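**Student:** One structure, pasted below without further comment.
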Amino acid sequence: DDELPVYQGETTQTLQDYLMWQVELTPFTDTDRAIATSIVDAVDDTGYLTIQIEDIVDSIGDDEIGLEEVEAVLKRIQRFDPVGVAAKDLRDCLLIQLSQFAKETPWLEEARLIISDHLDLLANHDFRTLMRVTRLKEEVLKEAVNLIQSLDXXXXXXXXXXXXXXXXXXXXXXXXXXXXXXXXXXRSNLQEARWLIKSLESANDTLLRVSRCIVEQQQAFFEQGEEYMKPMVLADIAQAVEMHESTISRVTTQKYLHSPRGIXXXXXXXXXXXXXXXXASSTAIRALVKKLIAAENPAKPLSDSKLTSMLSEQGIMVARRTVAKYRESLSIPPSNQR
Amino acid sequence: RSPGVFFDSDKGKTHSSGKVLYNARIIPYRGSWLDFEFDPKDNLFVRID
Amino acid sequence: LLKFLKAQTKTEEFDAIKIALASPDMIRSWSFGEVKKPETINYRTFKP
Amino acid sequence: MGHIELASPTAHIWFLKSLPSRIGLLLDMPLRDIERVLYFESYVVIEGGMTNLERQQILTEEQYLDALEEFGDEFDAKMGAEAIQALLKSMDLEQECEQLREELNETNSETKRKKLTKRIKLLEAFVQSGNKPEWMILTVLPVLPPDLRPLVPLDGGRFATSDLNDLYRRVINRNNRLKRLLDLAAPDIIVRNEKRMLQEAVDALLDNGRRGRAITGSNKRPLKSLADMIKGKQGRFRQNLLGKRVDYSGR
Amino acid sequence: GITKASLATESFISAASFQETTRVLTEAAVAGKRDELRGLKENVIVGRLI
Amino acid sequence: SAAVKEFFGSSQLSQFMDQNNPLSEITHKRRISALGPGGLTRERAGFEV
Amino acid sequence: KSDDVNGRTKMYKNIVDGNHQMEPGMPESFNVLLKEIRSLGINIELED
Amino acid sequence: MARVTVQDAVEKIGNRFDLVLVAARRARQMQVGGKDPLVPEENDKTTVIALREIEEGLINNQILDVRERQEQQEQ
DNA sequence: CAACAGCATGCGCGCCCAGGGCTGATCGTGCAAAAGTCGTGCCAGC
DNA sequence: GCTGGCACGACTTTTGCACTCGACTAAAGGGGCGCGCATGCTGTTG
C-alpha cells in the first residue's frame, strides 16, 4: 500500500547497470550500441571476464559485422569507469590499466609494456632468467614490478554487495566439560483462526525442544574434542526419535547451529561408514590429507604417491588413486607441480 | 479517566427535539463496563462493553 | 536476429481507457500459467 | 500475471456489499437474502416449476427436509454460490426488462416507479454493454504480478512475507484443501464448510472490510488488500495524481 | 450539491479518484463506460498534456 | 522478563529522553500525557479535553 | 523527472548533449494501477 | 539582455500561451541546430534570443510558416 | 382490512496518520526413479 | 616402470505426489463528528 516505507526497493546499481549507464551517454551509432549492449552483459561481477569473443561476433548472426568492429568498440567499452574493465586474460587488463600511467612515470612505461605484454607467464615464480631476457638488473625491474603489483584486478569496486549475509545463528551450543551442551538461544471466524494459533503457540515452545533434543543427540553421536567429527549416519538420528532421514536433513539444512567452532550445521551429520574394519570418514581424510600436504615437499617433491603411502601407513587402506584424487583437489598444488 | 461511577447528560444533541438523557457508566480498574442509558421514549437500557 | 527493441514496441497511442467485467476466459488470456502452491521461496536454495 | 482455478465459484465481494448490490437488485432479492444464502444457511431454491415453490425463494433446512419429503424431485436448490450462478445464468434480460417497462407504464405510486427505473437502466446497461451477468461471481481468480508484491527482506537475511502475500497463501491453502476433499467424495458438511471458508478467503483477499475482524495475529491491523492497495489515501493521491514525489529539487 | 456533482461526472477516471473508489468502479465495470480523457485530472494521471 | 522489558523497552509512555538543555530533561520527566494504553486515542478525543 | 523510466534516461542524455527536449512517455505508476485493477475481475485496457 | 517582462512580446502575439509555443519553436532551432539568430547575441540564452526576436517583430507564427514553406520549397 | 407514505435506526462514507513489526518454521511419510560423487581400474605422460 | 588424471560403476543421495487432525478460555479496546441512503415498522386513508 502507500504512505509508509514499505519494502518497495532501493534500485541499487551493479557493475553491469553502471556500465550500461555509461554506454547510454557515449557517441555510439545504432549498431555499435547493439555491440556495446552485447558486451556489457557478458561482463561479470569480477570484471575481467568478457568470456568468448568469437561468440560475441557470431551471436549477432553474421550479415557483415566483422571482428574488427566488435574489437574497437570492445576496447572503448574496456576504457570506461573503473579503468580496466572486461578485456580478457588479465594481460590486456593490465595493458589497459597501464595505458594511462600519464607517460611521465620514470622507467615504468617501457619496462611495464615488455613485462605486462609478453613473458608475464614466467613472472609468477620470480624474476630469475627473465632478468637475463630483458637485460634489466637490480631495482630497475623490481620497481616496475612494484608498479605491476600495485595495479589491483579488474572492477569489484562497483560491488553493490553491502549485504554481508550474516548467519543469525539458530541454536547455541554452550561449551561444557570439553564438549557441548544445547540451550537453543534467540468475529467468530477469526476466533476459530485464533484456535489454530493455540496449536501454533504450543508447537512454538517445542520448536526449541527439537533443536536442543536433536542437538543433544548430535553431540552424543560425534565427539567434539576429536579431530574433525566422528563418522555418523542419519540412521542414528532416525533411530533416536524415529524420524525420517529427509526430515532431519531438512531441519539441519534450513537452520544453522552455532557451536564455538563453525557456524556448518548439516555437515555434522553427513559422513561415510568407510566400509573398512580398520577405522573420520572423508572429513579427516581430505582435511588431514591437505594438512599433511601442507608441510611437505622441501623443494618440489610434488609426490601424491608418497602422501598415499603415508596415508596407508596410518591404517586407512588407501587406494593410491582415491586418496590422491581427494587430496589433490580444492586448490591443492599436489601433483600439479610435478 | 479514573475508576468509579460516572454520569452524563448527552446534552440532548442527538434526538433533535432535545432532552436530558442521563447515562451512567461504571469504570473498573480492570474488567467489563456497565452503562445504563435513556431512550427517546424514556426507558432505561443496559449496555455491557 | 537482434536489432532488438523493447522500448520501440510500445509507443501505443490511445484514447479513452475502457473498463468492464472480466470473464474467466479473458482472465485466462492474461494468465501466464497457474500457481498451484502456497509457498513462495525455498529457504535453502534461495530460489523461487 | 498468473491465475488460480477455484473449485467452487465464490464471493467477489466487490459487487454485492458495495451498496447498492447489483446482484441483489438485478435478481430482485434483498441483500440479506443473497448475502445470507451465499455461504451456508439457506438452499436457495431455483427454477423447479410444477410445484408449490416459486422461482426465487429460500427456505430453512427443516423446510428442505419437508420439501424433499413431500415434493422429492422437481425441487432443485443449490446451497452454495452455484445457485446464484444458476439463477444468475438463467436470467433472460430482454423479455424481463421489456415486461418490466410495460409494468412500469401502468404503475402509480412514485415509490414503485423508481426501483423499476433502476432496474431498467441497469439491465439495459448489461444488454447494450455486452457483459454476461454470470461473470460477477468469479471462477478463475487472477493473481497480481510478483514484482509489485515485493518480499520485504529482513535485517539478517531470511525474507519475511509481505502483507498481500498472506492473502494469496491463504486462498491457495483453502483452494487446495477444498479440491482435495472435493476429489475425495466426502460428506456435504465438511466440503460445505470448505466452500464457506474459501468464499471468506477470496472475499478477504479482495476487501478486508465487508463484515468483521479480518486482520491476523501479527499485531493484526486490517492488513491490506487489493482494495486497500489503491494509491495510499484510497484515492490515487499518492504515487500518482498530482502527487509524484520528484527530481532535480531541494529545499 | 457539489460532492454529488463530482461523483456524477461522465469520466469514470476522475471522480474515482475523488472519493469513492469501490462504488465508482463498480458502476463503471458493469456499465462498460469509456473515459475519453477530456478533463484535466485524467490527463494528469495518464501523464499527457492538460 | 519479556513482559517487563517489553514495557520499558517499547511502549508509548517510555520514550528517549530529551537530553539538550537541562531544562528539557526536567520538563520531560514532569509531564502528564493523556495518551497511551490507558486512553485518548487522539483525532477522536474532541475539543473539550 | 519521476516515474517515466525510458523518458528519464532520454531526458538526461539529451540534456547532457544540449538538446533540452522531453520525449515524454507513460509513468509507471499508471501501469501498476492497471495491474492492480486487473487483480479484481475487472478489465481496464486502453483502447485506440 | 535578460527579459524581466514579456509584455512587449505579448502585444505582438495575443495570449501568451501562444507566445510560449512560438518562442520555444524558434528557440529550438537555434538550440539544437540549423538556424542562426536574427538579432545580435548579447551572450544570453537562446530563449531570450527568441523572445527578443518576437518583441522586434521579425518572428511570429506567420513568419515561421513562411520560412518553413521557403525551406521546404528550397530543399 | 387494503396498500401507501412517513419516521427512525443502522450502516458506510469522509479526516488522518501510525507505526511499525514480523516470522519463521515446520513437519512429516512412504516408496521409487534418477543423478552426484567416491572408489577402482585403465591409459597416457615422464 | 611409476605416478597422475580421468572414465566407468555402484551407491546412496537426491527428488515427487499426498495426506494429518488435532482444538480453549481470554485480549482487549473505549471521550471526534456529519451526511446520506436504505430498510423496516408504524400509522392513517378509503
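Letters A, B, ... mark the chains of the C-alpha cells in the order given; residue numbers begin at 1 per chain; ligand numbers begin at 1, in order shown.
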Kindly provide the residues of chain A that approach chain C to within 10 Å, each paired with its closest atom pair and their distance in Å to one decimal, based on only C-alpha atoms, listed by chain and increasing number, as a tab-separated table.

**Tutor:**
residue	atom	partner	partner_atom	distance
A:30	CA	C:3	CA	8.8
A:31	CA	C:3	CA	7.9
A:33	CA	C:3	CA	9.9
A:34	CA	C:3	CA	7.0
A:35	CA	C:3	CA	10.0
A:59	CA	C:1	CA	8.8
A:60	CA	C:1	CA	6.8
A:61	CA	C:1	CA	6.2
A:62	CA	C:1	CA	9.2
A:63	CA	C:1	CA	9.8
A:250	CA	C:44	CA	9.1
A:253	CA	C:44	CA	7.0
A:254	CA	C:44	CA	5.8
A:255	CA	C:44	CA	9.1

**Student:** Selected residues, N, CA, C and O atoms, written as a PDB file, in the first residue's frame, please.

**Tutor:**
ATOM      1  N   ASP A  30      23.913   3.305 -34.083  1.00  0.00           N
ATOM      2  CA  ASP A  30      22.798   2.407 -33.790  1.00  0.00           C
ATOM      3  C   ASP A  30      23.287   0.976 -33.577  1.00  0.00           C
ATOM      4  O   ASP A  30      22.886   0.320 -32.601  1.00  0.00           O
ATOM      5  N   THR A  31      24.153   0.532 -34.471  1.00  0.00           N
ATOM      6  CA  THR A  31      24.775  -0.787 -34.417  1.00  0.00           C
ATOM      7  C   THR A  31      25.766  -0.928 -33.250  1.00  0.00           C
ATOM      8  O   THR A  31      25.734  -1.882 -32.489  1.00  0.00           O
ATOM      9  N   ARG A  33      25.894   0.541 -30.584  1.00  0.00           N
ATOM     10  CA  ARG A  33      25.217   0.477 -29.285  1.00  0.00           C
ATOM     11  C   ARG A  33      24.736  -0.985 -29.068  1.00  0.00           C
ATOM     12  O   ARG A  33      24.642  -1.460 -27.924  1.00  0.00           O
ATOM     13  N   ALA A  34      24.398  -1.680 -30.146  1.00  0.00           N
ATOM     14  CA  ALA A  34      23.991  -3.080 -30.026  1.00  0.00           C
ATOM     15  C   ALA A  34      25.171  -3.978 -29.669  1.00  0.00           C
ATOM     16  O   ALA A  34      25.043  -4.920 -28.910  1.00  0.00           O
ATOM     17  N   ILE A  35      26.336  -3.671 -30.203  1.00  0.00           N
ATOM     18  CA  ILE A  35      27.515  -4.434 -29.812  1.00  0.00           C
ATOM     19  C   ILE A  35      27.878  -4.098 -28.379  1.00  0.00           C
ATOM     20  O   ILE A  35      28.320  -4.974 -27.633  1.00  0.00           O
ATOM     21  N   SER A  59      27.264 -14.271 -32.254  1.00  0.00           N
ATOM     22  CA  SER A  59      25.945 -14.121 -31.606  1.00  0.00           C
ATOM     23  C   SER A  59      25.064 -13.123 -32.377  1.00  0.00           C
ATOM     24  O   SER A  59      23.841 -13.183 -32.338  1.00  0.00           O
ATOM     25  N   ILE A  60      25.699 -12.227 -33.109  1.00  0.00           N
ATOM     26  CA  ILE A  60      24.974 -11.233 -33.884  1.00  0.00           C
ATOM     27  C   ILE A  60      24.372 -11.797 -35.176  1.00  0.00           C
ATOM     28  O   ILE A  60      23.499 -11.173 -35.749  1.00  0.00           O
ATOM     29  N   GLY A  61      24.761 -12.997 -35.565  1.00  0.00           N
ATOM     30  CA  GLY A  61      24.200 -13.624 -36.765  1.00  0.00           C
ATOM     31  C   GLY A  61      24.695 -12.998 -38.056  1.00  0.00           C
ATOM     32  O   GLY A  61      23.909 -12.509 -38.871  1.00  0.00           O
ATOM     33  N   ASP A  62      26.011 -13.004 -38.213  1.00  0.00           N
ATOM     34  CA  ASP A  62      26.693 -12.543 -39.424  1.00  0.00           C
ATOM     35  C   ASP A  62      26.040 -11.329 -40.094  1.00  0.00           C
ATOM     36  O   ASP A  62      25.574 -10.407 -39.414  1.00  0.00           O
ATOM     37  N   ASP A  63      26.015 -11.349 -41.428  1.00  0.00           N
ATOM     38  CA  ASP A  63      25.416 -10.282 -42.205  1.00  0.00           C
ATOM     39  C   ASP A  63      26.403  -9.140 -42.284  1.00  0.00           C
ATOM     40  O   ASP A  63      26.031  -7.974 -42.158  1.00  0.00           O
ATOM     41  N   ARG A 250      16.485 -32.006   6.445  1.00  0.00           N
ATOM     42  CA  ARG A 250      15.840 -30.745   6.085  1.00  0.00           C
ATOM     43  C   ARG A 250      15.904 -29.715   7.217  1.00  0.00           C
ATOM     44  O   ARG A 250      16.140 -28.527   6.941  1.00  0.00           O
ATOM     45  N   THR A 253      19.376 -28.655   7.374  1.00  0.00           N
ATOM     46  CA  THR A 253      19.700 -27.903   6.165  1.00  0.00           C
ATOM     47  C   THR A 253      19.186 -26.479   6.233  1.00  0.00           C
ATOM     48  O   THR A 253      19.905 -25.592   5.796  1.00  0.00           O
ATOM     49  N   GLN A 254      17.976 -26.284   6.769  1.00  0.00           N
ATOM     50  CA  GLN A 254      17.391 -24.944   6.903  1.00  0.00           C
ATOM     51  C   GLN A 254      18.107 -24.163   8.004  1.00  0.00           C
ATOM     52  O   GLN A 254      18.880 -23.201   7.705  1.00  0.00           O
ATOM     53  N   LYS A 255      17.900 -24.610   9.246  1.00  0.00           N
ATOM     54  CA  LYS A 255      18.533 -23.968  10.412  1.00  0.00           C
ATOM     55  C   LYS A 255      20.010 -24.256  10.456  1.00  0.00           C
ATOM     56  O   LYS A 255      20.437 -25.273   9.899  1.00  0.00           O
TER      57      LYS A 255
END

**Student:** Within 12 Å of chain C, which residues of chain E show up when using only C-alpha atoms, listed as a PyMOL selection string?

**Tutor:** chain E and resi 10-14+24-39+42-43+45-46+48

**Student:** Those residues you just picked out, can you put them in a file as a PDB file, in the first residue's frame with N, CA and C atoms?

**Tutor:**
ATOM      1  N   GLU E  10     -19.166  12.395 -16.089  1.00  0.00           N
ATOM      2  CA  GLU E  10     -19.074  11.439 -17.200  1.00  0.00           C
ATOM      3  C   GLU E  10     -17.794  10.522 -17.296  1.00  0.00           C
ATOM      4  N   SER E  11     -16.644  11.171 -17.161  1.00  0.00           N
ATOM      5  CA  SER E  11     -15.363  10.444 -16.995  1.00  0.00           C
ATOM      6  C   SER E  11     -15.106   9.668 -15.752  1.00  0.00           C
ATOM      7  N   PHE E  12     -15.065   8.333 -15.866  1.00  0.00           N
ATOM      8  CA  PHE E  12     -15.085   7.461 -14.701  1.00  0.00           C
ATOM      9  C   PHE E  12     -13.751   7.453 -13.983  1.00  0.00           C
ATOM     10  N   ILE E  13     -12.655   7.775 -14.720  1.00  0.00           N
ATOM     11  CA  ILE E  13     -11.433   8.019 -14.050  1.00  0.00           C
ATOM     12  C   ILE E  13     -11.345   9.149 -13.032  1.00  0.00           C
ATOM     13  N   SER E  14     -11.867  10.317 -13.319  1.00  0.00           N
ATOM     14  CA  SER E  14     -11.927  11.369 -12.261  1.00  0.00           C
ATOM     15  C   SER E  14     -13.139  10.805 -11.378  1.00  0.00           C
ATOM     16  N   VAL E  24     -17.475   3.582  -7.497  1.00  0.00           N
ATOM     17  CA  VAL E  24     -17.333   4.200  -8.798  1.00  0.00           C
ATOM     18  C   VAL E  24     -17.053   3.111  -9.847  1.00  0.00           C
ATOM     19  N   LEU E  25     -16.031   2.331  -9.442  1.00  0.00           N
ATOM     20  CA  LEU E  25     -15.561   1.322 -10.360  1.00  0.00           C
ATOM     21  C   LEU E  25     -16.588   0.214 -10.592  1.00  0.00           C
ATOM     22  N   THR E  26     -17.419  -0.057  -9.599  1.00  0.00           N
ATOM     23  CA  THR E  26     -18.464  -0.997  -9.871  1.00  0.00           C
ATOM     24  C   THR E  26     -19.581  -0.450 -10.886  1.00  0.00           C
ATOM     25  N   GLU E  27     -20.025   0.801 -10.722  1.00  0.00           N
ATOM     26  CA  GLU E  27     -20.933   1.320 -11.691  1.00  0.00           C
ATOM     27  C   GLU E  27     -20.277   1.207 -13.113  1.00  0.00           C
ATOM     28  N   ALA E  28     -18.948   1.470 -13.173  1.00  0.00           N
ATOM     29  CA  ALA E  28     -18.293   1.653 -14.437  1.00  0.00           C
ATOM     30  C   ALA E  28     -18.063   0.288 -15.014  1.00  0.00           C
ATOM     31  N   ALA E  29     -17.768  -0.690 -14.139  1.00  0.00           N
ATOM     32  CA  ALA E  29     -17.468  -2.041 -14.684  1.00  0.00           C
ATOM     33  C   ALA E  29     -18.626  -2.695 -15.152  1.00  0.00           C
ATOM     34  N   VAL E  30     -19.714  -2.490 -14.502  1.00  0.00           N
ATOM     35  CA  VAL E  30     -20.927  -3.127 -15.004  1.00  0.00           C
ATOM     36  C   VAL E  30     -21.397  -2.397 -16.288  1.00  0.00           C
ATOM     37  N   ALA E  31     -21.334  -1.064 -16.283  1.00  0.00           N
ATOM     38  CA  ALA E  31     -21.849  -0.350 -17.391  1.00  0.00           C
ATOM     39  C   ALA E  31     -20.909  -0.472 -18.628  1.00  0.00           C
ATOM     40  N   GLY E  32     -19.599  -0.514 -18.458  1.00  0.00           N
ATOM     41  CA  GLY E  32     -18.780  -0.568 -19.675  1.00  0.00           C
ATOM     42  C   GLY E  32     -18.462   0.805 -20.297  1.00  0.00           C
ATOM     43  N   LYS E  33     -18.346   1.835 -19.436  1.00  0.00           N
ATOM     44  CA  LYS E  33     -18.153   3.175 -19.888  1.00  0.00           C
ATOM     45  C   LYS E  33     -16.737   3.499 -20.333  1.00  0.00           C
ATOM     46  N   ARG E  34     -16.483   4.349 -21.330  1.00  0.00           N
ATOM     47  CA  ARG E  34     -15.137   4.765 -21.759  1.00  0.00           C
ATOM     48  C   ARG E  34     -14.801   6.208 -21.284  1.00  0.00           C
ATOM     49  N   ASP E  35     -13.509   6.477 -21.005  1.00  0.00           N
ATOM     50  CA  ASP E  35     -13.117   7.692 -20.289  1.00  0.00           C
ATOM     51  C   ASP E  35     -13.079   8.876 -21.255  1.00  0.00           C
ATOM     52  N   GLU E  36     -12.479   8.746 -22.450  1.00  0.00           N
ATOM     53  CA  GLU E  36     -12.387   9.839 -23.428  1.00  0.00           C
ATOM     54  C   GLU E  36     -11.296  10.837 -23.098  1.00  0.00           C
ATOM     55  N   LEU E  37     -10.789  10.749 -21.900  1.00  0.00           N
ATOM     56  CA  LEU E  37      -9.756  11.639 -21.387  1.00  0.00           C
ATOM     57  C   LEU E  37      -9.910  13.173 -21.573  1.00  0.00           C
ATOM     58  N   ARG E  38     -11.070  13.712 -21.234  1.00  0.00           N
ATOM     59  CA  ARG E  38     -11.350  15.086 -21.780  1.00  0.00           C
ATOM     60  C   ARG E  38     -11.114  16.195 -20.814  1.00  0.00           C
ATOM     61  N   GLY E  39     -10.815  15.830 -19.568  1.00  0.00           N
ATOM     62  CA  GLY E  39     -10.645  16.835 -18.475  1.00  0.00           C
ATOM     63  C   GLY E  39      -9.195  16.956 -18.025  1.00  0.00           C
ATOM     64  N   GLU E  42      -7.778  13.522 -15.655  1.00  0.00           N
ATOM     65  CA  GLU E  42      -7.496  12.269 -16.326  1.00  0.00           C
ATOM     66  C   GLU E  42      -6.119  12.499 -16.952  1.00  0.00           C
ATOM     67  N   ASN E  43      -5.947  13.679 -17.649  1.00  0.00           N
ATOM     68  CA  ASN E  43      -4.717  13.837 -18.406  1.00  0.00           C
ATOM     69  C   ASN E  43      -3.476  13.780 -17.604  1.00  0.00           C
ATOM     70  N   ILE E  45      -3.220  11.985 -14.702  1.00  0.00           N
ATOM     71  CA  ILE E  45      -2.989  10.633 -14.243  1.00  0.00           C
ATOM     72  C   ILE E  45      -2.477   9.826 -15.373  1.00  0.00           C
ATOM     73  N   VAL E  46      -2.903  10.023 -16.570  1.00  0.00           N
ATOM     74  CA  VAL E  46      -2.314   9.259 -17.741  1.00  0.00           C
ATOM     75  C   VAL E  46      -0.976   9.899 -18.025  1.00  0.00           C
ATOM     76  N   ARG E  48      -0.319  13.026 -19.739  1.00  0.00           N
ATOM     77  CA  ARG E  48      -0.271  13.567 -21.103  1.00  0.00           C
ATOM     78  C   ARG E  48      -0.424  15.103 -20.893  1.00  0.00           C
TER      79      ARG E  48
END

**Student:** May I have the residues within 10 Å of residue D:179 as a VMD selection string, using only C-alpha atoms (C1' of nucleotides) and disregarding those fewer than 3 positions away in the same chain?

**Tutor:** chain D and resid 6 to 8 173 to 176 182 to 184 191 194

**Student:** Could those selected residues go to a file with N, CA, C and O atoms, as an mmCIF file, in the first residue's frame?

**Tutor:**
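Produced file again.cif, reproduced below:
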data_model
loop_
_atom_site.group_PDB
_atom_site.id
_atom_site.type_symbol
_atom_site.label_atom_id
_atom_site.label_comp_id
_atom_site.auth_asym_id
_atom_site.auth_seq_id
_atom_site.Cartn_x
_atom_site.Cartn_y
_atom_site.Cartn_z
ATOM 1 N N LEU D 6 -10.502 -21.982 -9.098
ATOM 2 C CA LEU D 6 -11.287 -22.204 -7.886
ATOM 3 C C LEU D 6 -12.295 -23.298 -8.112
ATOM 4 O O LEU D 6 -13.047 -23.231 -9.109
ATOM 5 N N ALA D 7 -12.306 -24.249 -7.171
ATOM 6 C CA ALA D 7 -13.224 -25.327 -7.081
ATOM 7 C C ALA D 7 -14.703 -24.899 -7.132
ATOM 8 O O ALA D 7 -15.516 -25.334 -7.993
ATOM 9 N N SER D 8 -15.066 -24.021 -6.204
ATOM 10 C CA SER D 8 -16.491 -23.624 -6.083
ATOM 11 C C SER D 8 -16.619 -22.127 -6.254
ATOM 12 O O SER D 8 -15.939 -21.451 -5.538
ATOM 13 N N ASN D 173 -4.236 -22.215 0.145
ATOM 14 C CA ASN D 173 -4.388 -23.347 1.086
ATOM 15 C C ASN D 173 -5.836 -23.867 1.063
ATOM 16 O O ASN D 173 -6.090 -25.064 0.983
ATOM 17 N N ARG D 174 -6.801 -22.955 1.128
ATOM 18 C CA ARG D 174 -8.200 -23.366 1.151
ATOM 19 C C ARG D 174 -8.667 -23.897 -0.166
ATOM 20 O O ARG D 174 -9.618 -24.701 -0.163
ATOM 21 N N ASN D 175 -8.002 -23.487 -1.242
ATOM 22 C CA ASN D 175 -8.380 -23.965 -2.565
ATOM 23 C C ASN D 175 -7.895 -25.401 -2.728
ATOM 24 O O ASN D 175 -8.656 -26.281 -3.205
ATOM 25 N N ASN D 176 -6.648 -25.636 -2.326
ATOM 26 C CA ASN D 176 -6.121 -26.994 -2.366
ATOM 27 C C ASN D 176 -6.851 -27.949 -1.418
ATOM 28 O O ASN D 176 -7.037 -29.105 -1.724
ATOM 29 N N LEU D 182 -12.853 -32.388 -2.191
ATOM 30 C CA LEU D 182 -13.862 -32.467 -3.249
ATOM 31 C C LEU D 182 -13.617 -33.724 -4.082
ATOM 32 O O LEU D 182 -14.569 -34.426 -4.430
ATOM 33 N N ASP D 183 -12.357 -33.984 -4.443
ATOM 34 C CA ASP D 183 -11.989 -35.189 -5.187
ATOM 35 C C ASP D 183 -12.018 -36.458 -4.347
ATOM 36 O O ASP D 183 -11.948 -37.565 -4.879
ATOM 37 N N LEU D 184 -12.172 -36.300 -3.040
ATOM 38 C CA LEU D 184 -12.217 -37.440 -2.118
ATOM 39 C C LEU D 184 -13.610 -38.112 -2.023
ATOM 40 O O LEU D 184 -13.738 -39.218 -1.508
ATOM 41 N N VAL D 191 -17.091 -30.342 3.221
ATOM 42 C CA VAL D 191 -16.848 -29.602 1.962
ATOM 43 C C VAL D 191 -17.715 -28.374 1.877
ATOM 44 O O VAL D 191 -17.322 -27.404 1.225
ATOM 45 N N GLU D 194 -15.896 -25.943 3.766
ATOM 46 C CA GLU D 194 -14.798 -25.531 2.898
ATOM 47 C C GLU D 194 -15.227 -24.516 1.817
ATOM 48 O O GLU D 194 -14.478 -23.636 1.400
#

**Student:** Could you please select, counting only C-alpha atoms, the residues of chain D within 8 Å of chain G and state them as a PyMOL selection string?

**Tutor:** chain D and resi 138+141-145+148+206+226+229-230+239-240+244-248

**Student:** Show me which bits of chain H are within 12 Å of chain G, counting only C-alpha atoms, as a PyMOL selection string.

**Tutor:** chain H and resi 24-25+27-33+46-47

**Student:** Hey, could you make a per-residue contact list for chain D against chain E with 12 Å as the cut-off, showing the nearest pair of atoms and its distance in Å to one decimal, counting only C-alpha atoms, sorted by chain and number, as a Markdown table?

**Tutor:**
| residue | atom | partner | partner_atom | distance |
| --- | --- | --- | --- | --- |
| D:12 | CA | E:26 | CA | 11.4 |
| D:13 | CA | E:22 | CA | 10.6 |
| D:14 | CA | E:22 | CA | 7.2 |
| D:15 | CA | E:26 | CA | 6.8 |
| D:16 | CA | E:26 | CA | 9.8 |
| D:17 | CA | E:23 | CA | 9.9 |
| D:18 | CA | E:23 | CA | 6.1 |
| D:19 | CA | E:23 | CA | 7.5 |
| D:20 | CA | E:23 | CA | 8.7 |
| D:21 | CA | E:26 | CA | 9.9 |
| D:22 | CA | E:30 | CA | 8.8 |
| D:23 | CA | E:30 | CA | 10.9 |
| D:26 | CA | E:30 | CA | 11.5 |
| D:121 | CA | E:31 | CA | 9.7 |
| D:122 | CA | E:31 | CA | 7.8 |
| D:123 | CA | E:31 | CA | 9.4 |
| D:124 | CA | E:31 | CA | 9.2 |
| D:125 | CA | E:31 | CA | 5.4 |
| D:126 | CA | E:31 | CA | 6.6 |
| D:127 | CA | E:31 | CA | 9.5 |
| D:128 | CA | E:31 | CA | 8.7 |
| D:129 | CA | E:32 | CA | 5.9 |
| D:130 | CA | E:32 | CA | 8.5 |
| D:131 | CA | E:30 | CA | 7.5 |
| D:132 | CA | E:30 | CA | 9.6 |
| D:133 | CA | E:30 | CA | 8.8 |
| D:134 | CA | E:30 | CA | 11.6 |
| D:135 | CA | E:30 | CA | 10.2 |
| D:136 | CA | E:30 | CA | 9.1 |
| D:206 | CA | E:22 | CA | 11.1 |
| D:207 | CA | E:22 | CA | 9.9 |
| D:209 | CA | E:22 | CA | 11.8 |
| D:210 | CA | E:22 | CA | 12.0 |
| D:226 | CA | E:22 | CA | 11.2 |
| D:227 | CA | E:22 | CA | 7.8 |
| D:228 | CA | E:22 | CA | 10.1 |
| D:229 | CA | E:21 | CA | 11.5 |
| D:230 | CA | E:21 | CA | 8.6 |
| D:231 | CA | E:17 | CA | 9.3 |
| D:232 | CA | E:17 | CA | 11.6 |
| D:233 | CA | E:17 | CA | 9.9 |
| D:234 | CA | E:21 | CA | 7.4 |
| D:235 | CA | E:17 | CA | 4.8 |
| D:236 | CA | E:17 | CA | 5.6 |
| D:237 | CA | E:17 | CA | 7.5 |
| D:238 | CA | E:17 | CA | 10.5 |
| D:239 | CA | E:45 | CA | 9.9 |
| D:240 | CA | E:45 | CA | 6.4 |
| D:241 | CA | E:45 | CA | 5.2 |
| D:242 | CA | E:44 | CA | 7.0 |
| D:243 | CA | E:45 | CA | 9.7 |
| D:244 | CA | E:45 | CA | 10.2 |

**Student:** Would you mind exporting the chosen residues as a compact mmCIF listing (two decimals), in the first residue's frame, restricted to C-alpha atoms?

**Tutor:**
# COMPACT_ATOMS: atom_id res chain seq x y z
CA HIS D 12 -16.33 -11.27 -5.45
CA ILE D 13 -17.46 -9.16 -2.64
CA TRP D 14 -16.62 -6.05 -4.54
CA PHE D 15 -20.15 -6.47 -6.13
CA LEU D 16 -22.66 -7.19 -3.54
CA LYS D 17 -21.91 -5.19 -0.38
CA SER D 18 -20.98 -2.11 -2.44
CA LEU D 19 -24.34 -0.51 -1.96
CA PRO D 20 -26.45 -0.87 -3.70
CA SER D 21 -25.96 -4.57 -4.53
CA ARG D 22 -26.10 -5.26 -8.24
CA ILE D 23 -26.60 -8.90 -7.70
CA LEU D 26 -30.55 -7.46 -10.51
CA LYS D 121 -31.30 1.45 -16.54
CA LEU D 122 -29.25 -1.45 -15.04
CA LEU D 123 -30.32 -4.42 -17.06
CA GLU D 124 -30.40 -2.19 -20.12
CA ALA D 125 -26.75 -1.40 -19.39
CA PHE D 126 -25.99 -5.09 -19.42
CA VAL D 127 -27.74 -5.50 -22.74
CA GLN D 128 -26.12 -2.59 -24.63
CA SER D 129 -22.88 -3.36 -22.78
CA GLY D 130 -22.44 -6.98 -23.82
CA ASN D 131 -21.30 -8.31 -20.42
CA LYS D 132 -22.75 -11.59 -19.22
CA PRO D 133 -24.16 -11.24 -15.71
CA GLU D 134 -22.68 -14.63 -14.79
CA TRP D 135 -19.27 -13.13 -14.60
CA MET D 136 -19.94 -11.35 -11.30
CA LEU D 206 -10.33 -8.64 -2.45
CA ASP D 207 -11.51 -6.33 0.66
CA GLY D 209 -13.71 -4.91 5.22
CA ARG D 210 -17.17 -6.37 4.36
CA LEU D 226 -6.07 -5.16 -3.26
CA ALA D 227 -8.84 -2.69 -2.48
CA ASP D 228 -6.74 -1.03 0.14
CA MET D 229 -3.88 -1.30 -2.26
CA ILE D 230 -5.41 1.60 -4.19
CA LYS D 231 -2.75 4.58 -4.08
CA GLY D 232 -2.13 5.36 -0.08
CA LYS D 233 -5.11 7.59 0.81
CA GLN D 234 -7.54 5.10 -1.09
CA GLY D 235 -7.70 7.93 -3.71
CA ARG D 236 -4.74 7.70 -6.42
CA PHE D 237 -3.40 10.72 -4.43
CA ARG D 238 -0.31 9.24 -3.53
CA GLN D 239 2.01 7.92 -6.11
CA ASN D 240 0.15 9.39 -8.85
CA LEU D 241 -2.38 12.12 -9.34
CA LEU D 242 -0.69 15.28 -8.79
CA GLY D 243 1.46 13.56 -6.19
CA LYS D 244 4.61 12.27 -7.61
